[PDB]
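Heads up: the structure comes next, in structure tokens.
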Amino acid sequence: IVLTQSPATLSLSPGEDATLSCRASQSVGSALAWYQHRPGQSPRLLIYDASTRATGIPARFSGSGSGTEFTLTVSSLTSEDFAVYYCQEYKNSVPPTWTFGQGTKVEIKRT
Amino acid sequence: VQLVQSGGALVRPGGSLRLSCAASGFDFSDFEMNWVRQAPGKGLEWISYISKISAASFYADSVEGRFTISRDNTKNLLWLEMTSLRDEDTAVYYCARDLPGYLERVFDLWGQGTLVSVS
Amino acid sequence: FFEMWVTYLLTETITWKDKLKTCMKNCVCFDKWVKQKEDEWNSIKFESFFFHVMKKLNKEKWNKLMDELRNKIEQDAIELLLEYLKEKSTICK
């Protein structure tokens with residue numbers, strides 16, 4: 001299912017809360033996940049049911065959304081939260097699809 | 001829990017390459033495996049999946065007929081036999097672990113990355 | 001409706017294969033179930049159905065069924081599965 005990361009590049013100061021989006025072309029449900037590709041590192045799973053939190057993930061990574069609109073809200077941006085965030089649908093249709101988004105990006109804003 | 005890959009390699013176009021992904025710290029037979037591809041400046045893109053046994057194997061639409069995912073659940077190795085490599089397969093190949101539950105088709109723990117570059 | 005129907009057809013096919021392991025009174029009920037599914041297919045008109053069926057049944061059964069259907073062959077796969085079920089119901093006893 002087409003997933004659109006509207007925020008894309010995001011100039012935000014560290015220590016602040018950052019909201020994101022992942023618009024689906026079709027009605028998926030709760031079958032959407034979120035990822036974090038930190039620079040110089042492998043991706044990691046943050047949320048796996050568009051509301052939950054994966055094991056080993058701090059409670060500041062929270063999300064919401066159950067239809068075609070999805071949103072990941074990360075709070076108190078540390079040095080490693082400035083990464084590229086992907087959203088993956090895993091909708092239980094036949095044939096099964098593993099579709100990512102383009103990748104929204106959170107960056108440090110300056111003057 | 002750890003997924004250690006084989007490291008990058010240089011291959012000519014139209015050639016073949018066998019990636020590896022040695023898993024440790026858990027039971028390899030109890031976890032579904034995945035291959036995720038990232039081209040330079042394109043983003044993440046799933047290419048392969050294999051089940052707990054070889055009962056199910058799924059491929060992306062761009063990789064069907066060319067690539068083959070296989071696993072050895074007694075040697076804890078996951079392969080991706082690569083065949084007829086084009087110029088758009090210069091990418092970084094990630095080895096991902098799927099969560100328990102066949103409905104929850106997410107990529108839980110990832111490998112170290114493997115830059116496959118064709119020339 | 002259709003896709004979950006094929007899911008329940010494959011799930012109950014694997015379950016009936018498990019139930020008829022001693023038959024290598026359940027044959028008559030199996031023939032009634034095959035006739036019921038054939039009537040449902042008359043009213044309406046497999047590898048990708050892995051996740052739904054394995055959500056219903058956590059055992060892989062699935063690799064036996066797919067291998068038996070691929071040995072059989074070597075809108076249309078439904079007809080192949082129903083011919084497989086009628087062929088098993090013929091030789092049940």
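Ordering of the structure tokens sets the chain letters (A, B, ...); residue numbers start at 1 within each chain; ligands are numbered from 1 in the order shown.
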What's around residue 57 in chain B at 10 Å? Count only C-alpha atoms, leave out sequence neighbours fewer than 2 positions away in its own chain, and write the answer as a VMD selection string.
(chain B and resid 33 to 34 48 to 51 53 to 55 59 68 to 70) or (chain C and resid 47 to 48 50)
List the neighbours of range 53-66 of chain A out to 9 Å using only C-alpha atoms; skip same-chain residues closer than 2 positions along the sequence, and give me the result as an MDAnalysis selection string.
(chainID A and resid 27:32 34 45:51 68:76) or (chainID B and resid 108)
Mind running chain B against chain C at 7 Å and telling me each contacting residue's nearest atom pair with the distance in Å (one decimal), counting only C-alpha atoms, chain and number ascending, as a Markdown table?
```
| residue | atom | partner | partner_atom | distance |
| --- | --- | --- | --- | --- |
| B:55 | CA | C:63 | CA | 4.9 |
| B:56 | CA | C:50 | CA | 6.9 |
| B:102 | CA | C:51 | CA | 5.4 |
| B:103 | CA | C:51 | CA | 6.3 |
```
Expected file: the selected residues, N, CA, C and O atoms, as a PDB file, in the first residue's frame:
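Saved the output as again-v5.pdb:
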```pdb
ATOM      1  N   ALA B  55       8.829 -23.627   4.039  1.00  0.00           N
ATOM      2  CA  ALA B  55       7.482 -23.829   3.519  1.00  0.00           C
ATOM      3  C   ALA B  55       6.996 -22.620   2.733  1.00  0.00           C
ATOM      4  O   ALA B  55       6.224 -22.762   1.777  1.00  0.00           O
ATOM      5  N   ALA B  56       7.428 -21.422   3.118  1.00  0.00           N
ATOM      6  CA  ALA B  56       7.029 -20.217   2.408  1.00  0.00           C
ATOM      7  C   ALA B  56       8.250 -19.364   2.121  1.00  0.00           C
ATOM      8  O   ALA B  56       9.119 -19.198   2.979  1.00  0.00           O
ATOM      9  N   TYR B 102       2.537 -14.595  12.564  1.00  0.00           N
ATOM     10  CA  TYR B 102       2.564 -14.487  11.111  1.00  0.00           C
ATOM     11  C   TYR B 102       1.790 -13.276  10.616  1.00  0.00           C
ATOM     12  O   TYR B 102       1.979 -12.855   9.472  1.00  0.00           O
ATOM     13  N   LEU B 103       0.909 -12.714  11.441  1.00  0.00           N
ATOM     14  CA  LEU B 103       0.256 -11.469  11.058  1.00  0.00           C
ATOM     15  C   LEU B 103       1.198 -10.283  11.208  1.00  0.00           C
ATOM     16  O   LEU B 103       1.245  -9.409  10.336  1.00  0.00           O
TER      17      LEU B 103
END
```
What are the residues of chain A lining chain B at 7 Å or less? Count only C-alpha atoms, and put the answer as a ChimeraX atom specification.
/A:33,42-45,48,90,92,98,100,102-103
Shell around residue 88 in chain B at 12 Å using only C-alpha atoms, local window under 5 positions removed, as number ranges by chain:
B: 13-14, 37-40, 42, 62-63, 116-119
Keeping only C-alpha atoms, write the selected residues as a CSV table (one decimal), in the first residue's frame.
```csv
chain,number,residue,atom,x,y,z
B,13,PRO,CA,27.2,-7.3,-13.8
B,14,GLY,CA,25.4,-10.5,-14.9
B,37,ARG,CA,17.7,-3.7,0.4
B,38,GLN,CA,18.8,0.0,0.6
B,39,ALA,CA,20.1,1.6,-2.6
B,40,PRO,CA,22.3,4.7,-2.1
B,42,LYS,CA,16.7,5.6,-2.3
B,62,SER,CA,11.6,-6.5,-8.9
B,63,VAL,CA,13.5,-9.6,-7.7
B,116,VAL,CA,27.0,-5.0,-2.7
B,117,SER,CA,28.3,-2.9,-5.6
B,118,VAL,CA,28.3,-3.9,-9.2
B,119,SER,CA,30.6,-2.4,-11.9
```
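Across the model, the gap from CA of residue 91 in chain A to CA of residue 67 in chain A is 11.4 Å.
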Could you go through chain B and tell me which residues DSSP, when run on the backbone, assigns to helix (DSSP H, G or I), listing them as an mmCIF file with C-alpha atoms, in the first residue's frame?
```
data_model
loop_
_atom_site.group_PDB
_atom_site.id
_atom_site.type_symbol
_atom_site.label_atom_id
_atom_site.label_comp_id
_atom_site.auth_asym_id
_atom_site.auth_seq_id
_atom_site.Cartn_x
_atom_site.Cartn_y
_atom_site.Cartn_z
ATOM 1 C CA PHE B 28 17.030 -19.687 14.403
ATOM 2 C CA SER B 29 14.278 -22.239 13.715
ATOM 3 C CA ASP B 30 11.745 -20.226 15.748
ATOM 4 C CA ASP B 87 23.268 -2.185 -12.413
ATOM 5 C CA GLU B 88 20.397 -1.165 -10.105
ATOM 6 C CA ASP B 89 21.366 -3.772 -7.490
#
```
